[PDB]
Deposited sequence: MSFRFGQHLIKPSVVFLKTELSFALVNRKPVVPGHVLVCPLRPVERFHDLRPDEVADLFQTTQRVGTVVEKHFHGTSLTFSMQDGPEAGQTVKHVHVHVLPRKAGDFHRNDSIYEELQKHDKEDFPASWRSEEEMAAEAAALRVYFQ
């Protein structure tokens, strides 16, 4: 696709938001329904590598996305987490925030992925 996420290209079909500096995508394997990712467009490996503007944008974007997924996927809270570094569990070497809708007491095809990204693009 047209979005770079580490060492693989992400098809726009699975991207549901894109800003001046960041973008959001749905997962192949969500851990929880609505588990989405907000990444800087520039593929940097560690958080300290982002310029301040990328940082403000990374998180103002994460704020908008969280509202949307909490809403759509019917959660009552949200967990945000960034595994920054190999000893923190980062599998893909690209800064990214995990946004997961939370609710009391708690793999798919590219098409299920794009169906969901289509849905999410509506809230923006």
{"property": "Coordinate gaps, deposited numbering", "result": "107-128, 147"}
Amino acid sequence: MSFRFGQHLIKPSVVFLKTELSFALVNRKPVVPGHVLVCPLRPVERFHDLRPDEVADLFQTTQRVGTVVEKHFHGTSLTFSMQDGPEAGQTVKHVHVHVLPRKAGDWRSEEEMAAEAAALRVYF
From here on, numbers count along this sequence of modelled residues.
| item | value |
| --- | --- |
| Greater mean Cα temperature factor according to the PDB record, 107-115 or 15-23 | 107-115 |
| Between the two ranges 90-98 and 56-64, the one averaging a larger CA B factor in the entry | 90-98 |
| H48 - which third its CA temperature factor falls in, relative to the rest of the chain | middle |
| Third assignment of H74 from its chain's C-alpha B-factors | highest |
